[PDB]
């Protein structure tokens, strides 16, 4: 007899052991990048004679 | 049940403003029938942001 989650299972002759394991490991990586660049120029010149 | 979350928030702001304005005008007149007149102005304006 072998019960997993209230279900009747039968171990075959080739399998030694089959045990349930939670083993929950999750990863989540988030990266952001922003760059601002501004340039302004206004030159005024006047000459009179 | 382990949990490790690291947040590295960084914000950088830099702003530079410089404005230079120069204006010079010179006029000279001399009369002794002789008549002479001279008028000349110069204006310069510059702004960068």
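Chains as they are written, first to last, in PDB author numbering: chain C, 148 to 196; chain D, 313 to 361. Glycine residues also receive a C-beta, built at the ideal position from the N, C-alpha and C atoms.
Given residue i, which residues of its chain have a CB within under 6 angstroms of its CB, disregarding the five upstream and five downstream residues?
i: residue 180 of chain C; result: none
i: residue 122 of chain C; result: Beyond the ends of chain C as shown, which are 148 and 196, falls residue 122 of chain C; an answer cannot be given.
i: residue 337 of chain D; result: 353
Would you call the CB atoms of residue i and residue j closer than 8 angstroms?
i: residue 193 of chain C; j: residue 355 of chain D; result: yes
i: residue 331 of chain D; j: residue 359 of chain D; result: yes
Measuring from the CB of residue i, is there a heavy atom of the ligand GDP at a distance below 7 angstroms?
i: residue 322 of chain D; result: What this structure holds is no ligand at all, so the ligand GDP is not there to describe.
Using Cβ-Cβ distances below 7 angstroms, what residues of the region 321–332 of chain D are close to chain C? Of all residues in the region 321–332 of chain D, none has a C-beta nearer than 7 angstroms to a C-beta of chain C.
(Q) Whether or not the region 344–351 of chain D and the region 313–323 of chain D are in contact is what I'm after, with contact meaning three or more pairs of Cβ atoms, one per stretch, closer than 8 angstroms; do they touch? (A) No: fewer than three Cβ pairs fall under 8 angstroms.
Notebook entry, point to check: Listed from N- to C-terminal order along the chain, which residues in the region 163–187 of chain C have their beta-carbon within a distance smaller than 7 angstroms of any beta-carbon of chain D?
Noted result: Interface annotation for the region 163–187 of chain C against chain D: 187, criterion Cβ-Cβ distance under 7 angstroms.
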